[PDB]
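To find a chain, count down the sequence lines: A is the first, B the second, and so on, and within it residues start at 1. Side chains are part of it too, since the values below use all heavy atoms of this structure and drop only hydrogens, waters and symmetry mates.
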Number of protein chains: 2
Amino acid sequence: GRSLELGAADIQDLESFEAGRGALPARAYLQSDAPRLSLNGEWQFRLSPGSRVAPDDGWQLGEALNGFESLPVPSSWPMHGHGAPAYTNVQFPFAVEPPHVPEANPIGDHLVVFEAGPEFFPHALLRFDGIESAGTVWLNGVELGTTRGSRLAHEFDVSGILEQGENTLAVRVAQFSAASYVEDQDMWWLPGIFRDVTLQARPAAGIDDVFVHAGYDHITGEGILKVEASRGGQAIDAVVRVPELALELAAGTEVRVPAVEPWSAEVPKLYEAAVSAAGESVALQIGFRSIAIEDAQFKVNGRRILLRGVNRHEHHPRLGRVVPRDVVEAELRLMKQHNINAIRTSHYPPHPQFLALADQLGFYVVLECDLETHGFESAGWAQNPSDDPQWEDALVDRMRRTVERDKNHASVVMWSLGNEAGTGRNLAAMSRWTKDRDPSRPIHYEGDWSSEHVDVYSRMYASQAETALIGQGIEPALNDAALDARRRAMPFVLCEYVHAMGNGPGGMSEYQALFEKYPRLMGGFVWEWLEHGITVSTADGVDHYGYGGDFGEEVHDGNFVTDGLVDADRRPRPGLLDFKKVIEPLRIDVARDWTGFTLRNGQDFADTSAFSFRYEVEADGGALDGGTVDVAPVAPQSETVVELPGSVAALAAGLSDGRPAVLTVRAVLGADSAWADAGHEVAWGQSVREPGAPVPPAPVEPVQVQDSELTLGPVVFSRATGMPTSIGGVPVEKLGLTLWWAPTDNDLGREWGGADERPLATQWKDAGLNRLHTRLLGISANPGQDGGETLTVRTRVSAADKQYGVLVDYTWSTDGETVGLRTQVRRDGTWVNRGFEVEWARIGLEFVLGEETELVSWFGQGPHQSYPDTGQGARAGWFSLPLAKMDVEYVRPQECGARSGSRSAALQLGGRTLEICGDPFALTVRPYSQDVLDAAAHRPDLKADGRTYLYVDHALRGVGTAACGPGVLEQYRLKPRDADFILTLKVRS
Amino acid sequence: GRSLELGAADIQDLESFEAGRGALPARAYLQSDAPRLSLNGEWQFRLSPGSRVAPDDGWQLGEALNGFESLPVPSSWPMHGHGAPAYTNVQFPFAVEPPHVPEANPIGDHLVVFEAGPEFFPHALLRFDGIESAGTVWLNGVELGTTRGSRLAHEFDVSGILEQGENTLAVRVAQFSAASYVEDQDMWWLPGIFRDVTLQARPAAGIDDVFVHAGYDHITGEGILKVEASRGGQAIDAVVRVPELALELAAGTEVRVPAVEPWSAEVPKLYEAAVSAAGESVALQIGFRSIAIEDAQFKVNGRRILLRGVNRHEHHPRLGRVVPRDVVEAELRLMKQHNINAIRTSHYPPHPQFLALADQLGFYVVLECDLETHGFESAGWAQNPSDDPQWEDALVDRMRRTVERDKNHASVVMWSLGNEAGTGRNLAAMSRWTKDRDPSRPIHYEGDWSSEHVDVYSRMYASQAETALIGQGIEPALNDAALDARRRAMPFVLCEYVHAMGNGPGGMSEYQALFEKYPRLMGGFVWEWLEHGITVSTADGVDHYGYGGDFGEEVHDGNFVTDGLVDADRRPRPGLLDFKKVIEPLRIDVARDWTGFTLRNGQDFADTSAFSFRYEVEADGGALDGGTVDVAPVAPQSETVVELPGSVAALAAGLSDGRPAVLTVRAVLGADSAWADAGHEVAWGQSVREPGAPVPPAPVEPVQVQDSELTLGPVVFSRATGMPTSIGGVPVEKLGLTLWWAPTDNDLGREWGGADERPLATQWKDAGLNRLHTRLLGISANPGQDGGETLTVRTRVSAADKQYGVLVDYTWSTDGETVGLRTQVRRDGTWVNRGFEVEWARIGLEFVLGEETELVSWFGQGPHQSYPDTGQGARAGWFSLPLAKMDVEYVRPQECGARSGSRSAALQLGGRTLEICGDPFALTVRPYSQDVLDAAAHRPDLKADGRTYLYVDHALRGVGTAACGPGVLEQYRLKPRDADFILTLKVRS
Ligand code: NA
Ligand code: NA
């Protein structure tokens with residue numbers, strides 16, 4: 001019979017396995033003197049919900065448009081109220097039946113009218129730098145062709161179609177296409193024409209493509225230069241000029257430059273160059289560097305490098321995949337300001353303007369092809385496009401466009417085939433194509449662990465233990481002896497590690513110590529630089545970030561997209577502050593006697609001449625001595641002992657016992673760089689003279705007994721509970737043991753291995769740790785000193801339905817001024833629940849005070865938070881912050897803000913100050929309870945309740961990285977145990 | 001030092017392991033002519049949150065009461081706004097550290113002033129029939145003693161304390177005590193004085209206790225009678241008179257009554273009797289019956305009985321544990337009206353007034369002691385009071401009070417030691433005590449499967465398969481050969497089975513067929529008679545039932561307390577309607593040729609003389625023939641073939657082919673009984689002449705094609721989707737395949753055994769079955785007949801992220817009057833998800849119509865819902881219900897309301913009727929979507945949205961009983977498969 005369905009042709013094109021049609025050959029993105037017109041601006045836009053109903057109403061001509069409205073281009077259209085962003089991690093948001101598309105498939109019709117002056121004749125092209133995911137392009141109603149590879153560029157010849165004067169450009173964009181099955185990156189799905197649209201004249205006798213080859217001979221110091229130039233695919237006559245090197249050579253000929261200063265991320269030397277034909281001139285920045293693998297090490301200019309990396313997606317919280325150039329420049333400077341020297345373009349080529357900035361600012365870049373088929377994994381990889389010969393041409397096209405665009409950039413030191421795309425014949429074909437086209441850059445691909453088609457062995461989230469075995473070259477053999485031998489000779493990179501989601505990441509120091517120890521380890525790229533929060537505004541006026549499921553998604557992955565070192569506005573998370581310190585390129589170990597410091601230069605190429613070395617001694621009152629010490633430049637990978645001025649050690653010699661003082665030595669930029677100002681701190685080291693343990697008060701005040709209350713100096717207790725009700729007039733609503741905290745993103749992750757794979761959060765809920773109850777066993781007053789008394793309150797803490805508990809005894813003493821509180825914790829019964837041992841989050845006290853706190857001051861580590869396996873960036877000192885600044889604005893609220901290693905704290909509660917001292921404790925202060933924090937899914941759910949929740953922890957567990965990869969390392973776990981700890985409390989007006 | 005804690009003495013008493021102090025010896029509850037004053041009424045009540053702050057302000061004297069307000073007694077105080085009800089199933093709501101109590105422990109001080117006239121002197125007592133959980137009792141300020149065993153009675157001698165005229169009775173009640181650790185029944189925690197408080201005079205020369213022994217010799221027909229009577233524990237001179245039997249005998253002497261009519265649940269013959277001393281007369285109802293175990297069968301009066309049982313808790317949705325007498329009488333009549341002959345008093349003795357009613361109405365009662373320590377099980381039973389010698393006296397006291405109170409009742413045929421209290425020495429001591437005190441009733445206790453200390457082997461929720469092996473006596477041996485031999489010689493009872501929570505229970509017929517087949521099987525007691533809903537009223541005016549967690553509980557078990565055959569107001573759930581039919585005591589199998597019926601009398605004692613046998617033939621128009629047929633009485637366990645009048649078979653002979661007609665034969669009560677009126681239906685059977693398969697319309701209308709719509713007779717289709725948009729003017733908003741339903745309580749239960757223990761609900765969510773998407777493959781018009789056409793719409797249904805799907809083809813045809821719809825379903829790919837095969841809930845269609853439905857009519861099974869493993873009570877006929885009456889008011893909304901076995905349906909949508917016909921289908925109609933139904937936690941969450949959701953299922957899965965015990969039996973499971981089915985649709989005005 002007769003077919004009656006609508007849209008069949010549009011759908012058949014969307015279901016194509018081929019690369020797009022009609023485009024010019026892939027080439028470099030080049031700075032040319034050829035005339036150009038950017039078509040970016042306000043376009044006209046109409047959205048249809050699917051191909052079947054998308055109108056065929058001749059809209060391409062731009063006459064009498066029915067249902068179009070203004071939209072900026074470039075754009076990701078769901079950022080501008082057209083549908084909604086949708087987030088999945090692995091799962092596809094559509095039925096998995098390639099190459100077919102869902103019926104619900106946003107179709108966005110875009111139209112711009114522009115003027116073409118005489119300079120665009122007779123030859124010109126239209127360039128599109130990215131369209132997600134399938135574009136069909138018409139110019140004055142004439143089909144140019146189609147685009148596939150959402151993050152890749154396409155150019156269309158418009159000679160003889162483009163007209164003098166007015167022209168109408170129309171682009172139909174489908175969100176979903178067969179291409180969406182190979183674009184399954186863990187990020188928002190965001191259709192749109194989201195990168196530049198450019199008219200470019202193509203003058204006769206021009207230059208279409210250029211391939212710079214600029215090697216460095218590290219023995220002789222020569223540059224090895226050849227600049228290819230072609231037109232229409234053929235090598236052409238052109239002149240290359242490099243004025244700084246006193247060179248003029250023909251394009252196409254290799255020459256030896258007697259002396260070049262080589263390019264590295266540390267020293268990003270670039271020589272300005274031009275390659276000219278009669279009709280066109282191309283401007284280039286040439287960095288001379290050669291990359292080799294030698295002795296299972298990845299070497300640049302003859303040296304093994306350490307990659308201090310991050311994975312950079314392109315995201316903006318208001319504009320989606322469109323990242324303004326000011327934001328790109330600012331975030332790169334921010335990375336350099338945090339000691340980052342390497343970037344993986346996870347998992348697609350970046351905006352083409354990225355590459356010049358990386359060459360300039362200095363980063364080793366793993367430039368990754370736009371390919372990911374991760375959602376095929378849950379079906380055993382059945383139908384995976386990576387191994388389906390019908391997709392070979394589409395996947396080789398993606399690799400070809402990736403490589404041709406960026407091949408001239410010194411910053412690019414590896415090509416990556418894609419990410420989490422399984423193994424298969426089309427990956428092998430992409431690698432073959434790349435090795436043949438550009439043998440000058442090693443190939444990377446983590447998805448095939450046998451490493452058959454790559455030149456480095458790459459893994460994601462391998463544990464510190466497996467990374468140590470790999471660094472020693474003693475990881476288990478592959479089955480194939482030939483592949484085993486090849487992989488053993490490769491250097492090893494963590495392309496994603498220390499997942500930075502929420503409170504964390506824990507365990508960074510342990511990987512970094514291995515990276516320093518084993519030359520085969522190249523380093524690692526943190527996952528990930530940024531959180532992909534999307535700003536959501538509420539009717540009152542407050543912004544917060546939204547995450548997966550905040551936009552009506554049927555299927556999504558919640559806050560797994562907010563897993564970065566910075567928020568979407570590039571504000572640092574504590575993890576970035578810690579990472580900067582972990583990867584610092586100099587090591588400064590300050591002598592205990594303050595006579596000097598050991599300085600290790602951990603850079604690969606630069607000496608220490610860029611740095612000014614500063615010292616300062618700080619005490620209670622402020623700075624006591626400081627200055628700058630002159631250091632003869634130290635070679636990369638060498639170290640020296642720098643003497644400090646004698647006045648410094650004399651100051652340390654003369655300090656009274658138990659007066660606290662901190663000597664800090666810092667390496668700062670001696671002069672402005674391209675990425676920071678003079679004075680910018682790169683590295684530091686300290687030596688601390690610790691305050692003496694507080695003297696517990698003499699127990700000279702006796703206990704005053706009333707019918708319902710007991711008084712001991714400035715403490716009033718409920719006689720019914722044994723718990724304080726005020727301390728020097730500050731109301732105490734509650735005091736009790738804590739063992740739990742509001743789970744972090746990591747604690748919500750599965751604990752892989754062994755019989756128990758409940759996330760720690762679930763282990764804790766099952767155990768009742770979040771719902772502890774206290775039974776009073778007794779209250780005794782005992783003899784102290786000179787008629788004074790101590791008061792001991794004996795309690796047992798447990799939870800409904802559990803037989804295990806802890807005995808907690810509080811002993812209060814006071815001389816009328818300060819209050820001594822000794823806490824003793826003893827395990828009672830076996831802490832096992834559901835067949836598994838229970839772990840604690842902490843051993844601590846929670847004081848709920850009945851007044852708000854405005855300010856929190858402390859001597860300890862800071863200014864930012866620190867847990868046992870984090871806080872590397874938190875240094876010793878005296879800190880003071882408004883209460884709200886103690887918090888951490890994670891998108892999903894969770895345990896955060898603890899300051900470990902506190903020696904003393906002071907809370908300002910209006911006119912009164914509550915001072916806490918003792919052996920080291922962790923300090924946290926909040927205006928809402930742990931139950932409020934745990935329940936909150938977004939920051940607007942946190943409401944101050946007029947109280948202060950003060951946490952003083954004798955022990956804390958680490959935070960690890962269990963949301964993705966290793967949980968808390970063995971040394972930072974917290975098994976139930978007996979504990980004893982003393983505090984002093986003093987309320988001052 | 002000096003102790004300073006408060007409340008230590010009250011707490012030490014609450015933590016006592018002893019039974020209460022000061023009470024008179026346990027005895028029978030007896031109807032005496034001794035004067036009595038009920039103190040029930042408005043008392044004065046003050047609540048303190050714990051012992052430490054409960055005032056010692058001399059309130060016992062009732063003078064100048066500070067902070068008391070009026071409260072009815074008996075009461076469960078949290079039903080009257082004093083704190084809140086709290087529900088846990090197994091878990092204790094307090095830390096498990098017996099005998100200690102939590103600090104938060106509601107203390108309720110109760111006070112009543114009353115007058116004692118001269119008739120209460122010189123001797124009297126105060127009787128308390130239940131206090132939860134610990135009472136301390138003062139009279140005029142003088143301590144009487146304490147109560148333990150919340151559901152047991154205590155009496156205190158008040159001689160010389162009670163005063164002529166005004167007296168003040170004070171009772172301090174603690175919710176929690178050491179006793180709460182042995183009162184862990186799955187029900188609400190509800191402190192209070194929740195049973196009668198009675199002053200009773202004790203005249204000199206009276207009767208304190210009586211023990212009736214009334215056996216029956218089934219061979220001779222003699223009664224064996226001995227009535228013991230004692231005072232102060234000593235046997236006394238008393239006269240027993242039984243006027244109906246022409247007897248006067250001395251108390252204490254056993255006599256042989258030559259002829260007695262024996263008591264059974266079927267024939268509850270009771271002889272009025274009195275036992276008299278000079279000072280007191282006690283009124284008794286004597287049922288003669290003897291109980292024995294013989295040949296591994298439980299026999300009463302020489303016959304094996306079948307128990308058709310339920311577990312009865314005491315609950316009222318507004319008064320808590322106080323069940324008004326009118327409610328008790330009405331619910332027992334309701335049980336008898338549903339063929340129930342047996343009751344287990346789960347898990348404590350009932351109100352003492354229960355027992356006379358069970359004797360009278362006729363039920364075999366398992367009278368269970370107030371003991372349950374289930375929350376010790378999760379710690380391996382460590383510290384279980386059942387095996388701790390410190391608790392022996394408290395537990396033997398509980399068994400002694402249980403047995404002494406009820407020992408005179410013929411209805412009591414087993415004593416049960418308690419429930420889910422593990423194994424141990426104190427259970428053995430309770431059993432020893434009981435066997436010695438009353439060897440006339442077998443002992444029951446399920447918790448020790450070795451059955452060492454009991455006389456019947458009892459299990460809860462054993463599968464139909466294990467029950468079959470037990471019925472054949474071939475279950476696996478115990479390790480001990482001596483215990484094995486004893487247990488093999490016991491008859492077997494399911495003390496809980498076919499858990500009745502939500503939609504269900506499924507699988508009842510299969511247990512009942514075993515009960516009939518194997519004499520060793522005693523029958524079973526459904527869990528449970530009632531839902532324990534608590535009425536919650538909202539500010540507008542609407543009531544709904546609340547469940548666990550609706551009352552602010554920190555820990556609770558949600559809707560596991562709403563798991564009954566009736567709701568808390570005793571309104572039947574569909575499961576009761578089904579159970580009545582499953583346990584019907586007569587079997588009526590109607591001959592296919594309508595000449596007669598086979599009648600089996602499945603009663604144990606009664607013949608069929610109580611019943612009138614009625615027949616009726618019903619067709620389309622109504623009744624065609626009917627009457628009453630005389631049946632000579634059939635003996636218990638015999639059967640006969642009853643001929644129907646010849647006019648009936650002649651009517652069947654003459655019916656036109658495929659005209660539907662139903663012959664129903666019913667056994668109804670011929671006369672009013674104590675529990676129902678004449679005409680009450682006890683049993684039925686049918687024979688159906690099935691309507692002929694509908695003639696599909698001739699496909700004579702062609703397809704009309706427009707740009708955006710196709711028309712085929714009265715059907716309009718979207719041309720873009722292929723789906724109908726109206727049928728004869730009724731708007732169709734949506735039509736598509738269904739495979740899922742909103743999970744029942746059972747589907748939320750774990751699927752025990754094998755590698756997969758996800759509840760089915762979780763299996764379905766994981767599989768994406770609740771979020772199906774449909775892709776259109778094509779639409780063709782094909783040649784029908786005489787220029788008409790059929791329209792085939794080909795689609796594929798699957799879910800985001802899944803590779804499996806089903807191909808669904810719709811073929812529409814019409815002659816302009818009726819519409820033929822053929823649906824073809826074919827599996828595409830392997831339906832496995834997370835390593836396990838996916839199961840479907842159904843194979844069906846959902847029509848979302850854009851108008852409301854007022855009425856639903858059908859020919860099929862009803863009136864109530866039916867699924868493949870339920871609906872036994874739904875008979876063949878013609879039904880018609882207002883839309884809201886199609887629904888089932890489960891407390892947690894869930895899949896329900898499907899009418900399986902429908903042959904035709906008619907929906908009234910204002911002025912139009914939509915008629916559906918075909919091969920048998922299940923029919924459901926709702927005013928809200930499945931997503932709304934699934935999300936709803938309570939009935940007020942269901943909101944009509946102005947649409948009709950119509951479900952027509954070609955297949956359904958069973959509902960089973962997986963919330964507790966067996967899931968869906970193999971024969972009712974639904975594995976993905978190909979299907980084909982035809983419907984006809986007709987819209988009439
Ligand atoms: Na992520
Ligand atoms: Na229950």
Verify, without hydrogens or angle tests, whether [X] (side chain) and [Y] (backbone) share a donor-acceptor contact under 3.5 angstrom.
{"X": "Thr792(B)", "Y": "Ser780(B)", "value": "no"}
{"X": "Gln865(B)", "Y": "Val888(B)", "value": "no"}
{"X": "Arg899(B)", "Y": "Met886(B)", "value": "yes"}
{"X": "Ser718(B)", "Y": "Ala720(B)", "value": "yes"}
{"X": "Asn105(A)", "Y": "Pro102(A)", "value": "no"}
{"X": "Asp815(B)", "Y": "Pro697(B)", "value": "no"}
{"X": "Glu839(B)", "Y": "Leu974(B)", "value": "yes"}
{"X": "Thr664(B)", "Y": "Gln686(B)", "value": "no"}
{"X": "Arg689(B)", "Y": "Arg659(B)", "value": "no"}
{"X": "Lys581(B)", "Y": "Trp684(B)", "value": "yes"}

Do [X] and [Y] make a side-chain contact, defined as non-hydrogen atoms from C-beta onward lying under 4.5 Å apart?
{"X": "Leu6(A)", "Y": "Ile779(B)", "answer": "no"}
{"X": "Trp59(A)", "Y": "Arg172(A)", "answer": "yes"}
{"X": "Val925(B)", "Y": "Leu883(B)", "answer": "yes"}
{"X": "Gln803(B)", "Y": "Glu97(A)", "answer": "no"}
{"X": "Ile843(B)", "Y": "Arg977(B)", "answer": "yes"}
{"X": "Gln704(B)", "Y": "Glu709(B)", "answer": "no"}
{"X": "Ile107(A)", "Y": "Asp10(A)", "answer": "no"}

- request: Could you give me the CA-CA distance, side-chain angles and deciding distance for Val808(B) and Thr823(B), then say whether side chain to side chain contact (heavy atoms under 4.5 Å, CB included) is met?
  value: CA-CA 7 Å; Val808(B) 186; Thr823(B) 301; 3.8 Å; yes
message: Checking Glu895(B) against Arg926(B) for the salt bridge (charged side-chain N to carboxylate O under 4.0 Å, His left out) test, could you report, in this order, the C-alpha distance in whole Å, the side-chain angles of both residues, the deciding distance, and whether it holds?
response: CA-CA 11 Å; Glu895(B) 167 58 22; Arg926(B) 299 203 188 99; 2.7 Å; yes
Calculate, to the nearest 0.5 Å, the distance between atoms [atom1] and [atom2] belonging to [X] and [Y] respectively.
{"X": "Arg892(B)", "Y": "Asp934(B)", "atom1": "CZ", "atom2": "CG", "answer": "7.5 Å"}
{"X": "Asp109(A)", "Y": "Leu65(A)", "atom1": "CG", "atom2": "CG", "answer": "10.0 Å"}
{"X": "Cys896(B)", "Y": "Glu889(B)", "atom1": "SG", "atom2": "CD", "answer": "9.5 Å"}
{"X": "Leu760(B)", "Y": "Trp840(B)", "atom1": "CG", "atom2": "CH2", "answer": "14.0 Å"}
{"X": "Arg46(A)", "Y": "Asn66(A)", "atom1": "CZ", "atom2": "CG", "answer": "7.5 Å"}
{"X": "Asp953(B)", "Y": "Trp741(B)", "atom1": "CG", "atom2": "CH2", "answer": "8.5 Å"}

message: Check for me whether the distance between the ring centres of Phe921(B) and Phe981(B) falls short of 6.0 Å.
response: no
Quick check: closest heavy atoms across [X] and [Y], and the distance to 0.1 Å?
{"X": "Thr870(B)", "Y": "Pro505(B)", "result": "CG2-O, 3.5 Å"}
{"X": "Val555(A)", "Y": "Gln91(A)", "result": "CB-OE1, 3.8 Å"}
{"X": "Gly871(B)", "Y": "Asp578(B)", "result": "N-OD2, 2.8 Å"}
{"X": "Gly504(B)", "Y": "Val959(B)", "result": "CA-CG2, 3.8 Å"}
{"X": "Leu47(A)", "Y": "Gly83(A)", "result": "CD2-N, 4.1 Å"}
{"X": "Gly911(B)", "Y": "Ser989(B)", "result": "O-OG, 3.8 Å"}

query: Does the side chain to side chain donor-acceptor pair (under 3.5 Å) test come out yes or no for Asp887(B) and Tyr928(B), once each step is laid out?
result: CA-CA 11 Å; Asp887(B) 212 347; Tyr928(B) 50 74; 2.6 Å; yes
Does atom [atom1] of [X] have more than 12 heavy-atom neighbours, drawn from other residues, nucleotides or ligands, at distances under 6.0 Å?
{"X": "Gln785(B)", "atom1": "CD", "result": "yes"}
{"X": "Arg822(B)", "atom1": "CZ", "result": "no"}
{"X": "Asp657(B)", "atom1": "CG", "result": "no"}
{"X": "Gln706(B)", "atom1": "CD", "result": "no"}

task: Could you name each residue pair satisfying ring-ring contact (aromatic ring centres under 6.0 Å, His included) that touches residues 715-735 of chain B, not counting sequence neighbours?
output: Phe717(B)-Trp812(B)
Full working for side chain to side chain donor-acceptor pair (under 3.5 Å) between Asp745(B) and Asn559(B): CA-CA 9 Å; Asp745(B) 289 321; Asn559(B) 78 326; 2.9 Å; yes
query: With a 3.5 Å cut-off and no angle check, do the side chains of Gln908(B) and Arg988(B) form a donor-acceptor pair?
result: no
message: Under a 3.5 Å cutoff, is there a donor and acceptor pairing between the side chains of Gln930(B) and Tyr951(B)?
response: no
message: Applying the side chain to side chain contact (heavy atoms under 4.5 Å, CB included) criterion to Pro714(B), which one of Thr818(B), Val730(B), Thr814(B) satisfies it?
response: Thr814(B)
task: Please determine which of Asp766(B), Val838(B), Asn833(B) meets the side chain to side chain contact (heavy atoms under 4.5 Å, CB included) test together with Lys802(B).
output: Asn833(B)
- prompt: Please walk me through it: do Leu821(B) and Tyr810(B) pass side chain to side chain contact (heavy atoms under 4.5 Å, CB included)?
  reply: CA-CA 7 Å; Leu821(B) 169 54; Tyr810(B) 303 94; 4.0 Å; yes
- request: Evaluate the criterion side chain to side chain contact (heavy atoms under 4.5 Å, CB included) for residue pair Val732(B) and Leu849(B); output intermediate values, then yes/no.
  value: CA-CA 4 Å; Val732(B) 180; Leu849(B) 312 175; 4.1 Å; yes
field: Working for side chain to side chain contact (heavy atoms under 4.5 Å, CB included), residues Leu933(B) and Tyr949(B)
entry: CA-CA 11 Å; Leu933(B) 176 57; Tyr949(B) 293 82; over 6 Å; no
